[PDB]
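Student: Here you go, one structure.
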Amino acid sequence: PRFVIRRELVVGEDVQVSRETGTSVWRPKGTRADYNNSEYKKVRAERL
Amino acid sequence: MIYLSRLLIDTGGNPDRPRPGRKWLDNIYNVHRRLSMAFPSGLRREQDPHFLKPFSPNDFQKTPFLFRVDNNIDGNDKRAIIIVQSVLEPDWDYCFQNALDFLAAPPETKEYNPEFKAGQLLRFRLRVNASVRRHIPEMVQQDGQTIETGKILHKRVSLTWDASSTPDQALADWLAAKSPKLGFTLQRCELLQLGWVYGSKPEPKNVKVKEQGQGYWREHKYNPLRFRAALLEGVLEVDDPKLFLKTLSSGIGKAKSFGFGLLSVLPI
């Protein structure tokens with residue numbers, strides 16, 4: 001046997017909170033290219 | 001031998017519907033390029049039997065062919081005729097296989113072996129580029145005042161006549177001046193049409209360097225093309241059968257790459 005006590009700590013004054021630091025939802029990649037971006041016009045002119 | 005080919009275009013019908021064939025004739029550069037696409041190389045045709053690959057002029061044969069565009073042919077229908085004279089057999093089924101909308105009739109081709117004796121009368125039709133080369137002072141700006149610059153420009157401009165001379169006389173003299181060398185002598189010459197021919201040409205222009213290297217990014221800039229056109233029809237007489245055949249299949253003026261040199265002869 002051993003003797004055991006219980007206490008408490010209230011967050012925000014003695015224990016801090018960390019940020020998320022990551023991404024949870026995966027989601028697919030990005031379609032829908034832009035027709036007003038300068039790079040798109042440059043590559044379109046080059047292709048022409 | 002010579003190869004003579006004929007193409008037909010509608011240039012009529014409902015004006016509220018697309019007409020690619022009639023629109024194709026608005027630029028002489030496009031017409032010249034399309035006619036040049038009718039002479040493919042022996043390797044390009046084998047590699048691409050359907051003409052569905054990017055177009056590069058380096059894959060097509062170079063040969064000085066001539067052509068003319070005629071209009072106003074009747075029979076209750078409108079027609080524009082393209083007449084092509086060449087030293088090679090054209091491949092029309094390879095050029096128009098994906099553009100059958102352009103034509104109103106199948107292309108026709110035939111052989112041509114013109115043998116003319118000395119002192120023979122002929123009926124001729126031909127279009128000329130009336131151009132002379134001159135030194136011109138450089139006037140610029142014209143922002144309400146004309147400012148002269150000391151440089152003198154070597155420029156090819158239109159043929160001009162005096163105030164007391166008609167254009168027909170000037171053109172007849174201008175053609176009879178050179179007719180000794182070509183190999184024929186005129187008998188009558190009358191002017192039918194006098195005007196301008198327009199076109200536009202693309203040109204590559206560098207813009208920025210490539211971050212990965214090995215080239216630039218490039219763009220297209222358009223350069224105008226203007227020519228002075230005059231159509232003539234009349235009667236001629238062959239001086240010697242040697243130089244006349246050289247005059248044919250060669251052209252009787254400049255701008256021969258834009259349908260400006262072609263002699264059409266009939267036996268009268």
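A note on labels: chains of the structure tokens are A, B, ... as shown, every chain counts residues from 1, and ligands are counted from 1 in their shown order.
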I need the residues in chain A that are alpha helix (DSSP H) according to DSSP; give them as a list in words.
Tutor: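 Selecting the alpha helix (DSSP H) positions of chain A gives residues 38, 39, 40, 41, 42, 43, 44, 45, 46 and 47 of chain A.
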Student: Could you please tell me, as number ranges by chain, which residues of chain B have an atom within 12 Å of chain A when using only C-alpha atoms?
Tutor: B: 54-55, 202-210, 215-221
Student: For residue 42 of chain B, list every protein, DNA or RNA residue within 12 Å, evaluated using only C-alpha atoms, and leave out those in the same chain fewer than 2 positions away; present the list as a ChimeraX atom specification.
Tutor: /B:39-40,44-49,59-61,91
Student: Smallest atom-to-atom distance to residue 38 of chain B: which of B:163, B:80, B:157, B:88, using only C-alpha atoms?
Tutor: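 Using only C-alpha atoms, the shortest distance to residue 38 of chain B belongs to B:88.
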Student: What is the distance between atom CA of residue 169 of chain B and atom CA of residue 232 of chain B, in Å to one decimal?
Tutor: 12.0 Å
